[PDB]
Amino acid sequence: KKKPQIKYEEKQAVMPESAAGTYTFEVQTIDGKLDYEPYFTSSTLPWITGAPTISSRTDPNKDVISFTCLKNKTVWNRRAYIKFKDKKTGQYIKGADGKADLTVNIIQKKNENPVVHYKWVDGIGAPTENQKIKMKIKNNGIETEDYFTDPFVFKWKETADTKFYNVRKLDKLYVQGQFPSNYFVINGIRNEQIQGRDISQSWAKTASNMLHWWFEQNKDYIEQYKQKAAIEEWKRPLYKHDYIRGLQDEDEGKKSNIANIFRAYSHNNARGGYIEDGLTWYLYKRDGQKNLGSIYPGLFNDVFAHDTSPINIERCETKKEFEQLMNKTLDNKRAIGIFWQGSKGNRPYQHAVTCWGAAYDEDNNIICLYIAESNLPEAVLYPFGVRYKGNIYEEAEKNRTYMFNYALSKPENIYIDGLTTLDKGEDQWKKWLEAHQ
């Protein structure tokens, strides 16, 4: 007698809808009914209940295989794989080429109607519906007539009433021949005239946004500092954060005193800089930052010298590391700088941006970030989708947090290497105020 065989066209994926249910596919049975058992290749499939089974063999030509999925609440497809063990021989059954194991690809489809929730950096409010701007899908750099339909895909428009900060690079907004010839002129601290450029200053724009937030959150402590501290004469003008909303692009140099301090006085580096360096430079004295600029603000050195720094730097290489870091930062009322890393084209990529909040699916996966991107033109926060390298259910030792770039309508090999965070420093401020009673 001939030995029975099974066949399956492996190019056909099995794609259950997002709803929970017991789904099925068919396996062709040749020359009888082979005694086999189906198995998932992973034992860490929390979204599948049990093993696959042969639920019908009544048709001589095919078996029905059943498997049970939980609802896919996430906005991502998720993958599982079924192989087949010959129960008489104990070997995995071969596929069409006689060498590879017969493998059926399962892809449960994404949730088309997710319920999303949001966490914003403390103290910046939250977008109103009128402040959320939907985005057109681009193709070959041209906007199509289609829009991104996921509910978290919106720009957060800056208005007179919004409370985030997004200082933009003058060197990116500038249009030669159309902007004012004095566009880059800064009136320095001794009323001296300075042409400050900022093409490589994403670290300093990110620091400036975070510092604007910090001056605002701590404004009552800073008022007490101005009243009670022995302020060095030359630094007195710097105890001030002005961020003037509603300006035209051609007036960006008149928008932010903090960003202008970096643009006038910070020394240049084409290899960029570090968010944490600019933050330290503005707030307290460290020898490492002695050569950052031609001045050293160090405006609250006697609050933070010899105490906890409110600045931290952490890295993340897995989904778990990224979400714990984001949640810890958001839940502890801190501001967020992101240092992106990867490739933009056939060239290395590094860039600092500011994060003002995150979107979450019903499983509390982080699915989108709201980014102040000093390279991008609009006076808005841009959504950057979150994508993770491989299986999020069976995480590998490295599963970086890649960015989907809705403004360019494309994934990019750009991932989040880590966060630089800025804490209010409430305990340090309290100890300073208690010592100045």
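Note that residue numbering begins at 1 and tracks the sequence as displayed.
- The stretch 347-355 shows the higher mean C-alpha B-factor when 347-355 is compared against 250-258 in the entry.
- Mean CA B-factor, 33-41 versus 394-402: the higher value falls on 394-402.
- Comparing C-alpha B-factors across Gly293, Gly298, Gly337, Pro151 in the deposited entry, the largest value falls on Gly293.
- As recorded in the PDB entry, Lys87 shows the highest C-alpha B-factor of the residues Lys119, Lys87, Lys226, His212.
- Remark: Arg271 belongs to the highest third of its chain, ranked by C-alpha B-factor as recorded.
- Sort the chain's modelled residues by C-alpha temperature factor and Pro52 lands in the middle third, per the entry.
- For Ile414, the recorded CA temperature factor ranks within the highest third of the chain's modelled residues.
- Sort the modelled residues of the chain by CA B factor and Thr24 lands in the lowest third.
- Per the PDB record, residue ranking by Cα B-factor puts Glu314 in the highest third of the chain.
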